[PDB]
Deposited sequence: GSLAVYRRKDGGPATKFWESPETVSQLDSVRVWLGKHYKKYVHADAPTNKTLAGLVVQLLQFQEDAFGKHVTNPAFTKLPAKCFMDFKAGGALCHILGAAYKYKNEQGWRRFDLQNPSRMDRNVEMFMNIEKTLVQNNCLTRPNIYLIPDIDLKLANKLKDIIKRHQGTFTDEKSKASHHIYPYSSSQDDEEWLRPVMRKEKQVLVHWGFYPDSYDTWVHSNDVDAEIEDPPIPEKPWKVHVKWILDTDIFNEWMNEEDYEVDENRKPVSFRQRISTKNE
């Protein structure tokens, strides 16, 4: 099976971030930072490759501090998709901007993420990054409605998980981002192409486990992702698996219709 390639942890795909093409994609991020976070990046005047290296350090830090292997993590992982938004003014801009702003406000001389002596204030930096993403409408954490058929004990467990992962829950279905239904294999979905490589998403793994594999190992085309339609209809394992990975899972893997039947908007490819 192709799962021999599957990432064993949700740390950064270092080869992607060191690619010359990825470094060149950060040019517009660098330029945008020099205007909209000018007070906080002028000192360091970071290059495209320095920014790529900082992304790797930030991604490695949150996997080390908040990944699946951690018991009692102090924070929930930021969505991997946030780091892949290279548009001027997008999520990566605000992640890097917030990081440099926080460093400046704390008087740090350098970022020190690989250093175990420096985790409690690095955790606070990630809480600040998440606040900045929410405030700039790059990130919305789930506001969840539980369908009435979910029984009391299971609902109680789900509410605990939701709250511990920066989510909220509501009794007003029309205001919810997600509707959760009762739950009634080994597959992947290709999601991005770059030269002769394809990024694949593994079913029931979070996006930080997405893995770059050879294009000729996936005989399927990348289908367009679903257009966001409020609300997502997913079954309870979307929340239960979020607690395993300390990372909100991908709704597409858990989607159902209003009669709880599984929905696969994009085709699932057996591994």
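Practice task
Would you mind checking the deposited sequence against the model and listing the stretches with no C-alpha coordinates?
Solution key: Unmodelled stretches: 1, 186-190, 278-280.
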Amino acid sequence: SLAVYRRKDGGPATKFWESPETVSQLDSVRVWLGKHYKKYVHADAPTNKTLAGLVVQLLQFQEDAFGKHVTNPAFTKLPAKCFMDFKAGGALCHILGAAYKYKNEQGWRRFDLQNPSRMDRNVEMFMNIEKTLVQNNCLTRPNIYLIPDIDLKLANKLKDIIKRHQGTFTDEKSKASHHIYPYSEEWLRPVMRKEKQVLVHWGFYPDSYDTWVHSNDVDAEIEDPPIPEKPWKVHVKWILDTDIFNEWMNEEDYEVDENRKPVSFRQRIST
From here on, numbers count along this sequence of modelled residues.
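Practice task
Would you determine, from the values in the PDB entry, which of 105-113 and 175-183 has the greater average C-alpha temperature factor?
Solution key: Between 175-183 and 105-113, it is 105-113.
Exercise for the section: Would you determine, from the values in the PDB entry, which of 245-253 and 18-26 has the greater average C-alpha temperature factor? Expected result: For C-alpha atoms only, the mean B-factor is higher in 18-26.
Practice task
Name the residue from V55, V218, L33, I239 with the greatest C-alpha temperature factor listed in the entry.
Solution key: Answer, based on the entry's C-alpha B-factors: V218.
Handout entry: Deposited CA B-factor, highest of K153, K159, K196, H94
Key = Answer for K153, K159, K196, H94: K196, with the highest C-alpha B-factor.
Exercise for the section: Give the position of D85 by CA B-factor within its chain, expressed as the lowest, middle or highest third. Expected result: Middle third - that is where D85 ends up once the chain's C-alpha B-factors are sorted.
Practice task
Classify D64 as lowest, middle or highest third according to the C-alpha B-factor given in the PDB entry, relative to its own chain.
Solution key: Middle third of the chain for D64's C-alpha B-factor.
Problem - For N122, the third of its chain into which the C-alpha B factor falls - result: It belongs to the highest third of the chain when residues are ordered by C-alpha B-factor.
Practice task
Using the B-factors in the PDB entry, rank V70's C-alpha atom against the chain and give the third, lowest, middle or highest.
Solution key: As the PDB entry reports it, the C-alpha B-factor of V70 lands in the middle third of its chain.
Problem - Lowest, middle or highest third - CA B-factor, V41 - result: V41: CA B-factor falls in the highest third of its chain.
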